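One chain comes next, on its own, written out as structure tokens in the form deposited in one PDB entry.
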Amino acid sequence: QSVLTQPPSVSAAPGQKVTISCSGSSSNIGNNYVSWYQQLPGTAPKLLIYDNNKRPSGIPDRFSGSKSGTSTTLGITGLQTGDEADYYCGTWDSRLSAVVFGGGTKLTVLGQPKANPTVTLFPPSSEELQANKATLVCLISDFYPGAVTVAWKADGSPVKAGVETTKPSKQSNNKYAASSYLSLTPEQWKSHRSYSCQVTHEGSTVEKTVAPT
């Protein structure tokens, strides 16, 4: 998928050090210099390391780089919350004649406490039904860590058709939000006694239910 293999994620606690590998072949890392770039949410990447192990002006002591043949490693010591980010290795590939980047490693700094999701479920509005559409809206906020699974049910049977669900996104208060939408015809909305939205987070589930009547 990518030519360089990075772990998709790693984590450690504030104050610890962590390591991030980047594996390649002779036609890239074997014979060319590797750089590492840090990308914080919604910003351009920024050079951390060049020439395998050099830090540019202004990048502090805490970051370091090693080369062991066709692999490379990024070291970050004295972890701070502000180091939460995606880290990419890059280099030139002689065979492809291209700059090549690893897939990215998402760095998580631990300590932030678990938070269960608040789930809010709205039925189709009168106005929407009048226009012969029907949408159930399930809103999921204030959860951490930032991953949930959503399942819909109608009268006890799963519902896979018409379900569109967003990926989780980070709220400004450092917890995560998401939403899921179920589209129906007015007929199939009225034809069932109940619909239910089930949100699973770290193995636990929160359910809300709506009914026509």
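Residue numbers here begin at 1 and follow the sequence given.
- Between 94-102 and 135-143, name whichever shows the higher mean Cα B factor according to the PDB entry. Stretch with the higher mean C-alpha B-factor: 94-102.
- Query: Is the mean CA B factor in the deposited entry higher across 125-133 or across 67-75?
  - Reply: It is 67-75.
- Which one, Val148, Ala151, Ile59, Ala44, has the peak C-alpha temperature factor per the PDB entry? Across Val148, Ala151, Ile59, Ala44, the entry lists the biggest C-alpha B-factor for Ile59.
- Cα B factor band for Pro186 (lowest, middle or highest third within the chain): CA B-factor rank for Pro186: middle third.
- B-factor third for the C-alpha atom of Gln1 within its chain: Highest third of the chain for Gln1's C-alpha B-factor.
- Sorting the chain's CA B-factors, does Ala85 end up in the lowest, middle or highest third? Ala85: CA B-factor falls in the middle third of its chain.
- Query: Lowest, middle or highest third: where is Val109 by C-alpha B factor in its chain?
  - Reply: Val109: CA B-factor falls in the highest third of its chain.
- C-alpha B factor of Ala178, ranked within the chain: lowest, middle or highest third? Ranked within chain, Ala178 CA B lands in the lowest tercile.
The same protein also exists as the form deposited in another entry; that form is not shown, yet it is the one meant from here on.
- Split into two rigid parts between the shown form and the other one, does the chain put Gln1 together with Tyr88? Same rigid body, so yes.
- Relative Cα spacing, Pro145 and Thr108, in the other form - shift of 3 Å or more: Compared with this form, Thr108 and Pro145 lie closer in the other form.
- Task: Please say whether the CA atoms of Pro145 and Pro8 come closer or move farther apart in the other form, knowing the change relative to this form is 3 Å or more.
- Result: Closer, not farther.
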